[PDB]
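Scroll down for the structure; my scribbles are underneath it.
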Amino acid sequence: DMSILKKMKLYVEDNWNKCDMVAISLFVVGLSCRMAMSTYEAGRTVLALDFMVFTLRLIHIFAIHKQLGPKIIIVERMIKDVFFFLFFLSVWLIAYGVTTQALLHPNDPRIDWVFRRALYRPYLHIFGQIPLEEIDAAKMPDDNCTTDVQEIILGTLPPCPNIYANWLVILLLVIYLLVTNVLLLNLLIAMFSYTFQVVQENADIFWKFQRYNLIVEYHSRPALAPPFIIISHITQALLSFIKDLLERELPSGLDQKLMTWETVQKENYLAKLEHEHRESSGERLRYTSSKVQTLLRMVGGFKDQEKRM
Amino acid sequence: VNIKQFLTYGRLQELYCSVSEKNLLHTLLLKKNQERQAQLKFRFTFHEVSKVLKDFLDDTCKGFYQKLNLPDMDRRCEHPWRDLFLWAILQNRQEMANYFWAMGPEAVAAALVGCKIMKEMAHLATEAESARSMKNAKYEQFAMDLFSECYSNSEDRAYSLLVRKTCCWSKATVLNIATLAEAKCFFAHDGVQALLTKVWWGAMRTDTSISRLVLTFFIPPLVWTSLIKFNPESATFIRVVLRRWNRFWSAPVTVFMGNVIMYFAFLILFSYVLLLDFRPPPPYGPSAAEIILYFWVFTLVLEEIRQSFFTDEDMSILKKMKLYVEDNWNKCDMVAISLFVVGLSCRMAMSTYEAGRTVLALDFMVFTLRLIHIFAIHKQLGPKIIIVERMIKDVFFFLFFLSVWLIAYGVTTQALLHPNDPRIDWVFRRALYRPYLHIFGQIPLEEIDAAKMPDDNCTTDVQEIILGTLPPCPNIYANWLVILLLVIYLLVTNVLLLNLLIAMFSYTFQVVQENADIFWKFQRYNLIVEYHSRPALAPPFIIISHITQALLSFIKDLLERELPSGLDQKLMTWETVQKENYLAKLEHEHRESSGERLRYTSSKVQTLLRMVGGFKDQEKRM
Ligand SMILES: C[C@@H]1CC[C@@]2(OC1)O[C@H]1C[C@H]3[C@@H]4CC=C5C[C@@H](OCC[C@H](CO)CO[C@@H]6O[C@H](CO)[C@@H](O[C@H]7O[C@H](CO)[C@@H](O)[C@H](O)[C@H]7O)[C@H](O)[C@H]6O)CC[C@]5(C)[C@H]4CC[C@]3(C)[C@H]1[C@@H]2C
Ligand SMILES: C[C@@H]1CC[C@@]2(OC1)O[C@H]1C[C@H]3[C@@H]4CC=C5C[C@@H](OCC[C@H](CO)CO[C@@H]6O[C@H](CO)[C@@H](O[C@H]7O[C@H](CO)[C@@H](O)[C@H](O)[C@H]7O)[C@H](O)[C@H]6O)CC[C@]5(C)[C@H]4CC[C@]3(C)[C@H]1[C@@H]2C
Ligand SMILES: C[C@@H]1CC[C@@]2(OC1)O[C@H]1C[C@H]3[C@@H]4CC=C5C[C@@H](O)CC[C@]5(C)[C@H]4CC[C@]3(C)[C@H]1[C@@H]2C
Ligand SMILES: C[C@@H]1CC[C@@]2(OC1)O[C@H]1C[C@H]3[C@@H]4CC=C5C[C@@H](O)CC[C@]5(C)[C@H]4CC[C@]3(C)[C@H]1[C@@H]2C
Ligand SMILES: *[C@@H]1O[C@H](CO)[C@@H](O)[C@H](O)[C@H]1NC(C)=O
Ligand SMILES: *[C@@H]1O[C@H](CO)[C@@H](O)[C@H](O)[C@H]1NC(C)=O
């Protein structure tokens, strides 16, 4: 008993369910395009992407593992620092790449190659891919290059790089390499270290809380793994047409006994708290001070009476 | 003793003249007195204390004692507790200053003024003990605690208390005094941040999701729907829809995001002009998009100038220029505009066309860097900006170490490998450029290892080497030493220095993050204050708003508001009551402390011992 729309909303709420929906949609689209001949290659491409989606689903499958689940939670938390580093790197990379593309190839109309030399190459500079053959004049090859735009567009010859102020290009490359490959990367390492230290303890508790739900799900899951699971599904459907260790209901006597036992344990726990409060140092100090004040006034009266005699 | 009747102005000046002569206040008063005598009954006149207060605050203590120039010497002070607190504060007497603050009418402003004056005198302090006491004035702590009490009490009168114009401190807003004091911890308080968030979202509700706001921004008509909830409070209907439109588009957050979107449009247009639509000199004419870009930047500079200079009605032009050039990001802005002007000028010519293109290429980088300062206000990004700004120092330390090691290794290898290359450019190349690239996995062994050196056509003659006919042959006399030095350099640089820098960044992050958050909040206050007066139209449109403002000025605030006399007095009495409650709570917590109870018990036990001993002696006598 639950609303169908509410169930759909609850399902689509989870991100891993969104990944599952993406996977099944890609499978359907790839199969449909594969069935045709004019869209065969597109279907193959979509299925290739779907394999990646399923292999990623494998992580959510392993989420219940006792040693791996907290790591999944930790990575899910690290995503935020990843995004911060992405913002910084994106700003710096846009700047450096567009500036170098303007300084080096100011007469290349090809939009694809503009975007290439502006963003793809500076991005690969991070991972040790620094092709100086296109950036340093002393290292630029004596290849057959053209300056004419027409010939450049047709792709007859590669466009010659501008070497007007190449010292500026090399200086900018040096500064970009420093900033990106040192400051940003080591800053991200520090951010991950701090985030790990602050998050791990909460990640363990969250893993336990999620483990409860995963075990609850595994309770009703049929014992047959897919693709066999169809036998169990058919059996369940046939049984439903023809016709739990957790969340059990107990007899009245046992239920009342457990309720009284809970009440007794609660009384014991409250008595222990109160006793520990009475024996606390602060409470003892307060009691001693109050009783000393009372004793002072009373013994002062007694001493006055004694002096009267 | 009735302080109101006790403290006359003559008595106040008598107190000021009777300084200890061994503290900082006496030295400052002597300096002011000598300056006044050079510019030309009582050792010091109210002019000297007024000038000292002018040095310390420069805006608040105006007319405190100059208004009447001296007032009647027998006339009682209008604000006795304020003057007493100020007097006790100028001379580092903190216990007395505290007592006077506990009696003053406006306590938050007084505490902020006190902390400002203390941190101002901390620099001028001669003795180390006095400076240490001044740095621990904890007067900002008093303001934070009292405002926490006030915020817990009402949370609606607290905002009015923050934004009201105080009567004692020359119509100065409490937030204005906190800004003057640079009380960063005060701005970090949850109440001040909540008020700033309320200002940030304008008429909209602060809980509005960012995605809904962006979607409503991109599709304007959805403002009239119920997608975003608003805070409460033919001709009528038009007025209603216009009011809703204005209440949405006047919010500071919408103005900020519009500015960000149009700055992204600027970066896109600048890149397009620089990469695809950069035409020959004006003989063939700059592109129309280039003219649009020039107009764009003109509007941006107009907005910058207006924000920096025309926001303040009364302030020295030279002082405003100094304040503007003080900020580093303003220096970056000046560099950007100067580069734009130089690049445009060189582009207008034909003999300097390429230089102009190069300068504009650099300017694009400068503007894309300006984008970070634009995003500084973001709730999740700003602290990261602060953290990076702090990391710069460790970057410099690593740079020093790397520079020393790199100079050594590079010059040694250039001497060992190419001892007969006269070309200065290639000497500097092989000495510094190549060892620098060794850090990033660029190790060209084809020029360093003889077993890997190519059978290319090389010359040994210097003449031929200089002319560039053939590349100079590398020396292979002792190449085992070159390879050993390369190995040692690779080890040191790529392992020790890099992992040391990683450790330095880790430690710096851990130590800095908490202060960076508070500094972000303190800066967020000023950014929201700036967004208050910023016109709601993002550039290049902003020119319409500028023209409208100029026309309105020729023809003719939620923060820092002034309240009616009755409400002002009510809030002052409420502040006094909250201060009394806070002090009573502190005193009660002090009485119930374990140490105080132990002291009381010990003293009373001693008294009881002696008294009961006397009683026992009396009993034994019977
Ligand atoms: C510790 C810290 C590290 C980072 C840094 O600061 C210090 O290091 C600094 C070092 C510096 C660099 C030091 C040196 C230079 C060189 C200088 O050019 C000199 C001007 C001349 C005039 O155009 C250029 O020369 C000639 O160009 C020609 C290109 O047409 C070459 O023709 C080639 O044609 C064909 C190529 O296919 C082949 O026949 C041959 O290959 C060759 O014949 C010549 O061979 C070559 O002679 C430009 C500046 C630069 C790169 C410095 C930049 C800044 C640094 C990296 C510093 C860092 C901040
Ligand atoms: C764990 C730790 C790591 C770091 C380290 O310590 C341990 O490792 C050690 C290893 C060691 C190195 C071990 C070995 C050597 C070799 C030694 O040369 C032997 C002397 C002879 C005499 O000149 C040189 O040989 C010959 O040179 C000729 C150059 O004219 C080559 O001609 C080439 O000509 C043309 C090239 O275009 C082509 O025809 C062919 O390419 C080739 O014919 C010959 O082929 C080659 O036979 C020099 C020292 C060196 C590099 C050691 C240095 C120190 C280490 C890195 C240690 C670390 C601390
Ligand atoms: C991470 C972002 C995604 C979006 C984007 O920038 C990076 O991707 C880039 C890829 C570019 C493509 C790459 C190749 C070609 C082919 C060429 O004949 C015509 C131009 C066109 C379509 C380009 C148009 C602009 C595009 C989408 C860029 C776009 C801002
Ligand atoms: C980070 C520092 C900046 C300053 C500096 O060292 C690194 O830059 C280096 C670049 C060098 C240039 C590079 C190219 C040439 C061209 C050549 O035909 C004549 C010599 C000259 C001008 C060189 C002179 C010495 C220079 C400025 C070096 C200078 C100490
Ligand atoms: C470049 O193209 C020209 C066309 O005539 C040809 O003569 C020359 O040999 C080519 N050079 C190279 C390096 O391919
Ligand atoms: C080097 O130059 C000489 C000049 O005569 C030439 O004979 C020889 O073939 C050249 N070798 C190479 C590898 O270019």
Side-chain angles (χ1 to χ4, degrees), chain A residues 80 83-84 87-88 91-92 94-96 98-103 105-106 108-109 111 114 118 125 127-130 132 136 138 162 164-165 168 170 172 174 177-178 181-187 189-191 193-194 197 281-282 285-286 288-289 292-293 295-296 300, chain B residues 267 270-271 274-276 278 354-355 357-358 360-362 364-369 371-372 375 380-381 384 387-388 391-392 395 398-399 426 429 433 436-437 439-442 498 501-502 504-510 513 592 594 597-598 600-601 604-605 607-608 611 614:
Chain A
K80 200 84 142 162
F83 281 145
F84 293 133
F87 162 78
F88 278 110
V91 160
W92 187 252
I94 292 283
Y96 162 81
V98 173
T99 297
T100 42
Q101 158 74 16
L103 276 180
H105 296 267
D108 192 291
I111 319 293
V114 174
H125 283 351
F127 312 101
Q129 293 292 301
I130 306 155
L132 301 170
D136 198 348
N162 183 33
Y164 173 55
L168 189 45
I170 291 147
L172 288 181
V174 160
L177 278 185
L178 174 64
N181 278 43
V182 164
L183 176 136
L184 284 190
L185 287 192
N186 303 345
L187 178 74
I189 298 178
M191 293 204 252
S193 287
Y194 174 81
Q197 290 181 356
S281 288
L285 270 173
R286 189 200 46 84
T288 306
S289 68
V292 160
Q293 186 198 54
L295 188 59
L296 193 77
Chain B
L267 289 182
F270 206 108
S271 70
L274 196 61
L275 294 190
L276 306 160
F278 206 70
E354 293 176 352
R357 186 165 55 197
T358 293
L360 288 176
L362 269 185
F364 178 89
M365 209 156 159
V366 191
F367 274 116
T368 300
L369 294 194
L371 185 64
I372 282 161
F375 264 94
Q380 284 87 17
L381 296 165
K384 306 310 165 199
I387 285 161
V388 172
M391 295 296 172
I392 298 306
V395 175
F398 155 84
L399 272 185
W426 273 95
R429 275 177 167 275
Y433 180 43
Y436 179 80
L437 295 176
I439 307 164
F440 312 101
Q442 293 292 301
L498 287 192
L501 187 45
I502 298 178
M504 293 204 252
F505 287 168
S506 287
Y507 174 81
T508 300
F509 197 87
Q510 290 181 356
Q513 188 168 0
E592 311 290 317
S594 288
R597 267 164 183 172
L598 270 173
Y600 173 89
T601 306
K604 294 306 190 73
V605 160
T607 297
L608 188 60
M611 183 278 288

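Protein chains get the first letters and strands the later ones, always in sequence-line order, with residue 1 at the start of each.
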Evaluate the criterion side-chain contact (heavy atoms from CB on, under 4.5 Å) for residue pair B:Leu267 and A:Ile94; output intermediate values, then yes/no. CA-CA 9 Å; B:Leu267 289 182; A:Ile94 292 283; 5.6 Å; no
Please flag which part of B:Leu399 lies under 4.5 Å from any non-hydrogen atom of chain A: side chain, backbone, both or neither. side chain
Quick one: pull up CG in B:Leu608 and CG in A:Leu295 and give me the separation to the nearest 0.5 Å. 5.0 Å
Taking every heavy-atom pair that is under 4.5 Å apart, which of A:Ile170, A:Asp108, A:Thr288 has the most such pairs with chain B? A:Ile170
Output for pair (A:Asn162 CG, B:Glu354 CD), nearest 0.5 Å, gives 6.0 Å
Kindly say whether B:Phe509 contributes a backbone atom to a donor-acceptor pair with the side chain of A:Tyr194 at under 3.5 angstrom? no
Taking side chain as everything from C-beta outward and backbone as N, CA, C, O, which of these in B:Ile392 sits under 4.5 Å from a heavy atom of chain A? Side chain, backbone, both or neither. side chain
Which bit of A:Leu184 comes within less than 4.5 Å of chain B, counting heavy atoms only: side chain, backbone, both or neither? neither
Which of the residues A:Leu168, A:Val91, A:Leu177 is involved in the greatest number of heavy-atom pairs with chain B at under 4.5 angstrom? A:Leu177
Taking every non-hydrogen atom, the tightest pair across B:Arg597 and A:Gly282: NH1-O, 3.8 Å
Using 0.5 Å steps for rounding, measure from the CD atom of B:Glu592 to the CG atom of A:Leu285. 11.0 Å
Using non-hydrogen atoms only, which part of A:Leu178 is less than 4.5 Å away from chain B: side chain, backbone, both, or neither? both
B:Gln380 portion near chain A, given a 4.5 angstrom heavy-atom threshold: both
Pairwise side-chain contact, B:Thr368 with A:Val98, heavy-atom cut-off 4.5 Å (strictly under): no
Looking at every heavy atom in both B:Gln442 and A:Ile130, which two are closest together, and how far apart are they? OE1-O, 3.6 Å
Donor-acceptor contact present, side-chain A:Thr99 to main-chain B:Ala361, <3.5 Å: yes
Heavy-atom pair with the smallest gap, counting every atom of B:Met611 and A:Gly300: CE-N, 3.5 Å
Segment of A:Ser193 engaging chain B (4.5 angstrom heavy-atom cut-off): side chain
Relative to chain A, which segment of B:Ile439 carries a heavy atom at a distance below 4.5 Å: side chain, backbone, both, or neither? neither
What one should report as the nearest heavy-atom pair of B:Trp426 and A:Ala138 is CZ2-CB, 3.6 Å
Residue selection (most heavy-atom pairs with chain B, distance under 4.5 Å) from A:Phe87, A:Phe83, A:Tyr96: A:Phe87
So which heavy atom on A:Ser289 is nearest to which on B:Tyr600, and how close? O-CE2, 4.0 Å
Decide side-chain contact (heavy atoms from CB on, under 4.5 Å) for B:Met365 and A:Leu172; before the verdict, give the C-alpha distance in whole Å, the side-chain angles of both, and the deciding distance to 0.1 Å. CA-CA 10 Å; B:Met365 209 156 159; A:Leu172 288 181; 4.0 Å; yes
State, to 0.1 Å, how close A:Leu187 and B:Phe505 come at their nearest heavy-atom pair, and which atoms those are. N-CD1, 3.9 Å
Name the region of B:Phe398, side chain, backbone, both or neither, that has any atom closer than 4.5 Å to a heavy atom of chain A. side chain
Is any side-chain heavy atom of B:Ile387 closer than 4.5 Å to one of A:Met191? no
A:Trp92 vs B:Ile372, side-chain contact (heavy atoms from CB on, under 4.5 Å): CA-CA, chis, key distance, verdict: CA-CA 10 Å; A:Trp92 187 252; B:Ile372 282 161; over 6 Å; no
Side chain, backbone, both or neither: which part of B:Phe440 has a heavy atom under 4.5 Å from chain A? both
Structural part of B:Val388 lying under 4.5 Å from a heavy atom of chain A: side chain
